[PDB]
Amino acid sequence: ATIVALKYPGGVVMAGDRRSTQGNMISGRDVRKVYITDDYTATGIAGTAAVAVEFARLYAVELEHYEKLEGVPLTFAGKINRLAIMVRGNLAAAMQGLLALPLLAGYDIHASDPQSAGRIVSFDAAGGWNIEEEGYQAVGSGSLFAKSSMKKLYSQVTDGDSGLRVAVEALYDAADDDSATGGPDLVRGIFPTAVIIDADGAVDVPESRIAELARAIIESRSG
Amino acid sequence: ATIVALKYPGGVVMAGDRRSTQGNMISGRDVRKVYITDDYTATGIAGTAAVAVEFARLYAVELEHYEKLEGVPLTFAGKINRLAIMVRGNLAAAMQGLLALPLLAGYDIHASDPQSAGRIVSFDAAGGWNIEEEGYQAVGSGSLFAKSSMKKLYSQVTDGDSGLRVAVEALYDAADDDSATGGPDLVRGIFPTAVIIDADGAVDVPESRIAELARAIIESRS
Amino acid sequence: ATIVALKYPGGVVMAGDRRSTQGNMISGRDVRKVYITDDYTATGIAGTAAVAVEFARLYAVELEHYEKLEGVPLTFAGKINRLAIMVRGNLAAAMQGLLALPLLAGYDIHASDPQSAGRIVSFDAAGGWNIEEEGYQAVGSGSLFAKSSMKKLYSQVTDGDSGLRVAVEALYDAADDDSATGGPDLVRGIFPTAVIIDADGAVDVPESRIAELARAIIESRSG
Amino acid sequence: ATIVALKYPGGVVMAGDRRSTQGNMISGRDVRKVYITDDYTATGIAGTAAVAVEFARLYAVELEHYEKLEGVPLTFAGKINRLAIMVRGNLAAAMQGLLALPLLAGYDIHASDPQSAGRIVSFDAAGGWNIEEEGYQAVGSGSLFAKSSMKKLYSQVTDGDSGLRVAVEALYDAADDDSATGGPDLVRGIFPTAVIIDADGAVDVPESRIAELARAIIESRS
Amino acid sequence: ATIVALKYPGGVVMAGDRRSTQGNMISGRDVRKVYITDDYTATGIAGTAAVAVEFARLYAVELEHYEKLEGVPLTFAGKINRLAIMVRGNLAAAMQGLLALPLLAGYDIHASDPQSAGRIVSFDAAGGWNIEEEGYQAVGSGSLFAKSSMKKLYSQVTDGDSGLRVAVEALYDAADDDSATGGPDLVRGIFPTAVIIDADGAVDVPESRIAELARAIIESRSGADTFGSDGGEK
Amino acid sequence: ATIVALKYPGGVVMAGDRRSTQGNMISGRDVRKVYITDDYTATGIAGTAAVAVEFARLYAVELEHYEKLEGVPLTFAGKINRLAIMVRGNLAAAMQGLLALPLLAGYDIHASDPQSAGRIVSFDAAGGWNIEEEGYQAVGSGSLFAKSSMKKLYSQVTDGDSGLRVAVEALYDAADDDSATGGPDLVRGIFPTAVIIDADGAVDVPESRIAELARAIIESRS
Amino acid sequence: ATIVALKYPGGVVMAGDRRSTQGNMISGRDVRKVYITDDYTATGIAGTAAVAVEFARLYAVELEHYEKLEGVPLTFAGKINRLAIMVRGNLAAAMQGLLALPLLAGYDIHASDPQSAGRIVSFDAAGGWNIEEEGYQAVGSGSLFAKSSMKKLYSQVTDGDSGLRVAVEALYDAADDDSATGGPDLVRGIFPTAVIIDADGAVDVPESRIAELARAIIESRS
Amino acid sequence: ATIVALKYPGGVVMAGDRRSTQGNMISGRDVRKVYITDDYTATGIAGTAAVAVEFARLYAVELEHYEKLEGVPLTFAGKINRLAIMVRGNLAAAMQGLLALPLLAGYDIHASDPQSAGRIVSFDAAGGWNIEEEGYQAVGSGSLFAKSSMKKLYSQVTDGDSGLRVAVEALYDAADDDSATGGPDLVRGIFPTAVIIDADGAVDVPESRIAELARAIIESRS
Amino acid sequence: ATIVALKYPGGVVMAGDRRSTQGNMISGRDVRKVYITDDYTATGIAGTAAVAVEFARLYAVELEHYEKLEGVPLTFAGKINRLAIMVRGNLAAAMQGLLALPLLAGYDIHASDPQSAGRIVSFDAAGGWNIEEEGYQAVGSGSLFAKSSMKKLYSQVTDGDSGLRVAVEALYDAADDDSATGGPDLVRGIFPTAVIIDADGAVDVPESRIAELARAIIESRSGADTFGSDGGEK
């Protein structure tokens, strides 16, 4: 599994791959790992698939719950803290092998400058969170390759779109050197999922656009 | 890793993938796992890469050494025996996690019927061996998927070429359902390796043939 | 044990074998492993026989319970979720050896298109569930052989019937390479059980149909 | 695995099934577990496949080697002893999971009464042996079911043929109640193997006769 | 210990042996292991003798309790389920060495056909139960020999009585190859106990009938041993 | 297992049961556990069957070997010593579960009084030995019941026959209270084995006599 | 530690950092990890410092020893083999923690095309080796970051100097993302070490060139 | 990680570095480890990052809580005690691996002499606290190097500013010999954070001042 | 234990403390840990006392033995190698707790520049060695404090005497911050030992110079403590 996220001028993009494994065997080819938890935040979770889906569901329930009770959504710092408590609470079971690490991407409406209102937050096993200040991040098994490719490509990220391309590509190298990360399957037409967040909310990327970008990357590296 | 071998009317074919891993990390994109040990045998080895390449090398040396001393190659039975003794010798290291299992294909020149002189032989970690009769075998992490593919595809095998295509396809399915087995890389142009043995000896299938077969399969599935 | 399931145009078919073992010894020759839990679902369970029969019984009780209280049956997503909670709850005892993995087949009346209203859901030990999109699935010890045979035969599935044949046959190869899966016993006339689900509900397959298909497969491979 | 042996008036018969497993997985559909070690003995070996085939081979070599050096075969007692010593030598490896138990059938040419010159001998992992006196023996995972079947069927044994049928049936019940023992495969045509020893030596029962008896049994039970 | 049960046309017969051991030493020679838990069901239990007798008493108490409260006895399926819950309940202590496995025989009055109203139910350690439909079953240490003998004799079973004979005999072979199962003691006159269930209820078998059948089986095996040989050698 | 030995006026008698088990399962119905190692000593061995028969055989060989080299048998003291050294030699294997304990009965031709030249000697796993003075000994799982029986029945021992009957009875009670010891099987006709040693050497009691005594006991207890 | 090696048109370059740690503590600021084992091969070793320096020394001795005895250097294949055998020999100590992994760069004088006579070879702890064919390799704690850097920067490599700059940059990124790898120390003036091998042999890059390249990179990133 | 603190005439200065690691990999480059917990106390925490940030937040919440309830802030001794009870409370999880050690710097308004109203308090794992009476202190991995540098520089401390320089420098040597402590990154402009406390409260140090002092130290040592 | 070594313009100096402990108990007040192994080297050994004295003794024997056989001392490189092999040979016993680490100072007569012919060499438990370039080294429980002291004090080193004073001071700070290292005992008059090596060989510093150097250090620390304060408070 691999999930990359990167800031672009005016928003944030989070993309995740599609494969789920059981040891060496490929058990699944279309797992969606990026969820739109609310109008302005998307959450990608890596690890044990059970703890992953439960985290996404429970987190979304909680955010909308507080919104309905208080008539106003939480601030971004609150969202971070709630997620971190929920992660810390799974530390006991996580030491037993049910570890799930999230990766939170959001757009802060209350932020002073609209052009830097993107935020990327990465968590550990102990619920310690860090607000990323370096433009991108990745979690999962292939995370190191993805981070090392985005390190060379992040100078091209100039808007939402080129950011989407760099994300697809970093996912491509992650899959390229890590067998647990699936690469663009051209045969079944299965490609990574993406989410884009800006002033107007968080929307899912239509599959055709990720496919055009993917084929473009493969045509580029074949020669 | 996954290495398939199947008899066809008049010969034997043996093919292997190209990936080598360390855990989840893809470390080698072009390893060759099928060797031509002598003019009438080929040996695939699954498992620990060091122990594998070493087995292949040493076995080839031994076959050829006896051949030079006595002026005649061993019978297929003797070859089977020596390979089995090597495998039995690595047993302690195999339990220490250095396991290497060989799959031996050969063409018996002394067999009575030439159309069925093909030979496939499989080994376990304890050196016991078994001559295969159902016409195909495989070894490695993808072996079960490969065997279950060849069981259905094997009625199509009628000559050297059809047998080659069936081999390549079985590999494609192994790789399709197991992450430790690499499929045809169309981007870098790396394809499985194949050896064909018949009445005239053992030759390596040149890459182009395997490329065309792989492209035919890939178009057939999409 | 082995339980296969596959979608066909207009419904779903689930078939399971008949043998139960205690180590190497054959202890039972007529265990039924596929149950009709409600008018539109069928549950097949593999593993510890006790935990299996309990899951079937308890699950059916629960579904009908909610129906009586609320005057309306659960949606399909609800059914999946309740089963998954019930599986997750058996994780503690499952680590100690009492492992039971279910396989849920259903027909969704509320689904938009009637021709794809079949559904197949597979579970793990941690209660993570996956909605299957490949058209078939199998659980049990012989599951990998059965999956690999249905992979080559699924192009012949065109209705409830050809689907039934492919199911019986995949079960036949599972039994053929796995000693824990029983093959068609021609001597005692014991054959796999099957359930078929479509717009009109879930009905058990009469035994003579499965027997005739079975003898047809054996006669076909005998030469 | 399961190998039965029974004495009939005038000779001995020894039959064995054909399956070989790895856990729940059926790996071999046609293994031969009963060898003719010499003109008047036959050896079945249950257990680890490697250790089994090796035992059989080496024992045959040793019997014949002494025969060539001294110009006369050992007595049945000497053969029993050498087999026992070979078994005792594998005890260390058997405790490490490489156990192999042999069942030895023979026809003593030096015995006084020809009608009871048949001999059956069973061994444990610790090399001790025992000469059977109840007319039959078996070894392997199905041995208890086979013995409990022969206890009832043995009054029907009156010659070479009835003894052969009782052997095949005992195997059928072993396989019927135990999954590690293969029964007659009517689809692929694979049947138990059988060896008959009498005053004239040891001969392999040709497959057709075993096929007949198997079909008679299967018809009787339906 | 060994307990065999088998269906016969119109009823069911359950027979059990008489010995109890403490390791190799024979500690008891007249343990009764087959109980009549109610008018139509008999229960035989094997394993730790404590957990055995306790199970029998507790089960009988429970069945009659429900009968008195509800004015109607449980159905047969209910009986099975309660027994299984009890067995499952003893799983924790069973893993520490207090294992007891039961074997339930009954006659279902509410069953459609009176001639197949016999039922045999076998349990495991996890309380999973199986309704037997092969005609017979056995539990205990000698269970495999007894099952393998009843497999060759079950074609002679035609009524309550011939079924009783086959039961005594299967018990005889169980005891014959398993030292933990006691054979008919001709010296002290101790023989297996039997229970027979049919349309008229479950009754204990009088000891003289089991004893005559026993002596008959011994005279027949001794005469069949005299007739037989080892390939021609006696 | 259970092997009793008792002195009587003028000789010694040694008897043993016939059962051999594997756990709760009865595996051998006619094992012979009492051997005649030489013209004046018999040896019983309880425990692991293999180690038992080995001890017996090898000890007989050693006694007779020294006899052929030196032209005179060892004294009873020397025999005791050699047996003790063998037993001490098996100590490591005994701690690893392969324990075999011998009970040695002999008739000392060199003793002063012929009426008390009988000799019984018992051994532990550590090779120490002890010359028995209370007139009887036993070994095996039933030894305690057998000794507690002979303590009461021993005043009846007045010659070779009465001593034989007391032996058979002691065995009967061992078997009566312990399941690993077989009693007289009236159905198959298998009875304990017995050896009698006196001034004229060691002879095997023929089976018929042991049969008659066993029947006398059995009717006595009904 | 981190040692990168990359082929360029006509030669090979091999560079290594300078830090050596004990836990979190920086213990050596100027270790040299890349040796010139002979006129056409350089060897880097990651891992335990003792085992590393010893490997390098002994291997150089052995190459040169055979050269003096036979009057001709081994082929690149023989060199690969000897290094592999040394590595396989240290395996027992590598499991105990004294692991040392070598990366071997050489220029084959006997290769057919001079422009691609460069050679890079990588080893695992079990002595198996692999001839790298994607143009670059690395070893040590920073190896993954270094490889992921060279994958992107490698299209810029066109000669000896550009290849050298790419090497230094890859090292800079290794150090940038891993704390056990030292970067260019501008304060003390300590820079990575580099060796260049081409048709004319192996020469150490003089420090000034590496200093200028490092300063260019550092100013580029500010 | 490393956090230094030192008294200067009229106040106290606490400075901490910026790097966070995950084993050998550098995971963070701008972690702030010094917090202003209230108008007159700053708290620096080292160890597990989670336990660190949690401690800071919880401690600040608690101090202001008591202030709001009682209308008067705690005395300094109270603050120390509460922090120590919190640290003691984390002792179980701290033995499990989630260890966080704090370092408390304050200015006591109620102290008699305004010029020595600074205080430095260091804690252990068991919540035992000590009031330092030696002018300075440091916690973290690089703590010993920082303490040993401040030991040679503390005679230059004469006001808030020279104290700030000595702090930055001691942090520089800590980072210089400890890979887990980050040095001044001149490329990204990341420098240690500082807090200064005196009669007028606790204020954060503007970044440009720390950068000027840092570059001054580097130019000085080049 | 703590042994420091530092190069100065034209030579090398090597000093060591005198304490030897067992747990918290001070067992030896006058151990000598720095030996003159030959006319141009000196060896300090930290760690287990037995193993330490043995490395020293046997190494001196080996150096001198080869010198007598071949008529010329080994080069500094050969000496380094032999010491390293001896260290590598003790690795098993060091894993068993009998660890001894040597620090080797020497004056290379064959070096090109006499002003920088001094040599300091440090070893780990696995026999690897390293030639120190930053001008000073130390070994033992107080080594970290000693090094962190010499890093600051090293710009003051200009000759043999100043280098000696810096050595003694570094030892004083090691002892000041670690309890296993003994400082100058003014009561019993026991001071660290020192060896100095230059172009003319290796000689032991006579006790007087060490005594009054340590005395001066102590008075400087006392006076500087009287001048200073804790942010204003004494």
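Residues numbered from 1 in each chain as written, not as in the entry; some residues may be left out. Chains lettered and ligands numbered in written order. Part of a larger assembly, values for the part shown. Heavy atoms only, no water.

Method information in the entry identifies cryo-EM as the source of the structure, with 3.5 Å recorded as the resolution.

## A closer look at the overall build of chain A
Note the threshold: Strands here mean DSSP runs of E at least two residues long; helices mean DSSP runs of H or I at least four residues long; both are numbered from the N terminus. The atom set for the radius of gyration is the C-alpha atoms, and the globule formula is 2.2 Å times the number of residues raised to the power 0.38. A 1.4 Å probe rolled over the protein chains alone gives each residue an accessible area, and that area as a share of the maximum for its type sets the label: buried under 20%, exposed over 50%, partly exposed in between. Note that accessible areas follow from Shrake-Rupley with a 1.4 Å probe, and for residues the cover is restricted to the protein chains shown. In this count, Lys and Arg are taken as positive residues and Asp and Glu as negative ones, while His and the chain termini are left out. Positions of charges follow a simple convention, taking NZ of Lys, CZ of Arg, CG of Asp or CD of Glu.
Along its length, chain A carries six helices and twelve strands. In terms of overall dimensions, chain A is globule-like: its C-alpha atoms have a radius of gyration of 17 Å, near the 17 Å expected for 223 residues. Dimensions of chain A along its principal axes, counting C-alpha atoms only, are 55 × 45 × 25 Å. In chain A, which comprises 223 residues, the proportion classed as buried is 55%. Within the structure as shown, chain A displays about 9,200 Å² of accessible surface, and the carbon and sulfur contribution to it stands at 51%. With 20 positive and 29 negative side-chain charges, chain A shows a spacing of 5 Å between the two charge centroids.

## Some thoughts on the interface of chain A and chain B
Put simply, the test is: In this description, contact between two residues means that some pair of their heavy atoms is separated by no more than 4.5 Å. Once two parts are joined, some of their accessible surface, as seen by a 1.4 Å probe, is lost; buried area is that loss totalled over both. A side-chain nitrogen of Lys or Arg and a carboxyl oxygen of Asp or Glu constitute a salt bridge if their distance falls within 4 Å.
Facing the 19 residues of chain A at the interface are 16 residues of chain B. For the chain A and chain B pair, buried surface summed over both sides reaches about 1,400 Å², with 45% attributable to carbon and sulfur atoms. For the chain A face of the interface with chain B, the top three residues by lost area are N24, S179 and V187 of chain A, together amounting to 37%. Its salt-bridge partner being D176 of chain A, residue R188 of chain B comes within 3.1 Å of it at the nearest N-O pair.

## Section: the interface of chain C and chain B
Threshold: Between N or O atoms, a polar contact is any pair within 3.5 Å; within protein, one atom must be a potential hydrogen donor and the other a potential acceptor, and residues adjacent in sequence are included only when both atoms are from side chains. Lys, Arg, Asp and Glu make up the charged group, whereas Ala, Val, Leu, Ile, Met, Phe, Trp, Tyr, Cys and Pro make up the nonpolar group; the residues left over, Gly among them, are polar.
On the chain B side, the residues contacting the eleven residues of chain C number eleven residues. Taking both partners together, chain C and chain B bury about 810 Å²; carbon and sulfur atoms supply 56% of that area. Broken down residue by residue, the surface that chain C buries against chain B is led by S148, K151 and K152 of chain C, which jointly contribute 57%. The tally of links between chain C and chain B comes to eight salt bridges. A salt bridge links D177 of chain C to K151 of chain B, with the shortest nitrogen-to-oxygen separation between them at 3.7 Å. Here chain C is connected to chain B by six residue pairs in polar contact. Every element with two or more residues in the side of chain C that touches chain B is listed here: α4 (143-153) and α5 (160-177) of chain C. Sorting elements by how many residues they give to the side of chain C that touches chain B places α4 of chain C first, with seven residues. Taken together, the residues of the side of chain C that touches chain B sort by class into three nonpolar, two polar and six charged.

## Some details on the pattern of salt bridges
Using the criterion set out here, one finds 151 salt bridges over all chains in the structure. Notably, a salt bridge pairs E54 of chain A with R88 of chain C, separated by 3.8 Å at the nearest N-O pair. With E54 of chain A in helix α1 (residues 49-70) and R88 of chain C in helix α2 (residues 76-88), this residue pair bridges two chains. Accessibility expressed as a relative area gives 43% for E54 of chain A, which makes it partly exposed.

## Concerning the sheet that holds strand β11 (residues 193-198) of chain E
All names here are of chain E. Keep this limit in mind: Note on pairing: two strands pair once DSSP finds at least 2 bridges between them. Between the N-to-C directions of two axes lies an angle of 0 to 180 degrees, each axis being a line fitted to C-alpha atoms and, for a helix, fitted only over the stretch in contact.
Reading across the sheet, the five strands line up as β10-β1-β2-β11-β12 and stay open at both edges, with antiparallel pairing between neighbours. The open sheet is flanked by β10 (136-140) and β12 (201-204), the only strands paired with a single partner. In this sheet, adjacent strand axes meet at a mean angle of 15° when their direction is disregarded. As judged from the four bridges shared by β11 and β12, these two strands associate in the antiparallel manner.

## Description of the packing of aromatic side chains
Residue and element names in this part refer to chain A. The line we're drawing: Here is the rule: rings of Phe, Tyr and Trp (six-membered ring for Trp) pair when centre to centre is within 6.5 Å. Planes less than 30 degrees apart are stacked, more than 60 are edge-to-face, and the remainder are tilted.
Throughout the structure, instances matching the rule amount to 14 aromatic pairs over all chains. Considering the side-chain rings of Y136 and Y154, the 5.4 Å spacing of their centres and the 45° angle between planes classify their relative orientation as tilted. Placement of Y136 in strand β10 (residues 136-140) and of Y154 in the loop between α4 (143-153) and α5 (160-177) is noted, with a sequence separation of 18 residues between them. What makes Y136 buried here is its relative accessible area of 17%.

## Regarding the side chain of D176 of chain F
Following the sequence through the fold, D176 of chain F ends up in helix α5 (residues 160-177). In this structure the side chain of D176 of chain F is engaged in a polar contact, spanning 3.2 Å, whose partner is the side chain of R188 of chain E. When sequence neighbours within four positions are dropped, the list of residues in contact with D176 of chain F reads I26, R29 and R188 of chain E together with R221 of chain F.

## A few points about the environment of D178 of chain B
In this fold, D178 of chain B is placed in the loop between α5 (160-177) and β11 (193-198). Along the chain, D178 of chain B and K68 of chain B lie 110 residues apart, while their C-alpha atoms are 43 Å from each other. Ignoring any residue separated from it by four or fewer positions in sequence, one finds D178 of chain B in contact with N24, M25 and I26 of chain A together with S141, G142 and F145 of chain B. One polar contact links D178 of chain B to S141 of chain B, side chain to side chain, over a distance of 3.3 Å. In terms of polar contacts, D178 of chain B uses its side chain to reach the side chain of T181 of chain B, at 3.2 Å.

## A few points about the sheet that holds strand β10 (residues 136-140) of chain C
All names here are of chain C. Read across the sheet, five strands follow the order β10-β1-β2-β11-β12 without closing on themselves; strand pairing throughout is antiparallel. Every other strand in the sheet has two partners, leaving β10 and β12 (201-204) as the edge strands with one partner each. This sheet shows a mean twist of 15° between the axes of neighbouring strands, independent of strand direction. Relative to strand β2 (residues 11-16), strand β1 (residues 2-8) is paired through six bridges, and the arrangement is antiparallel. Within β2, the position partnered with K7 by the bridge is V12. Relative to β10, α4 is tilted by about 165°, and along the sheet it contacts β1 and β10. Sitting on the sheet, α5 is in contact with β1, β2 and β11 (193-198), with an inclination near 155° to β1.

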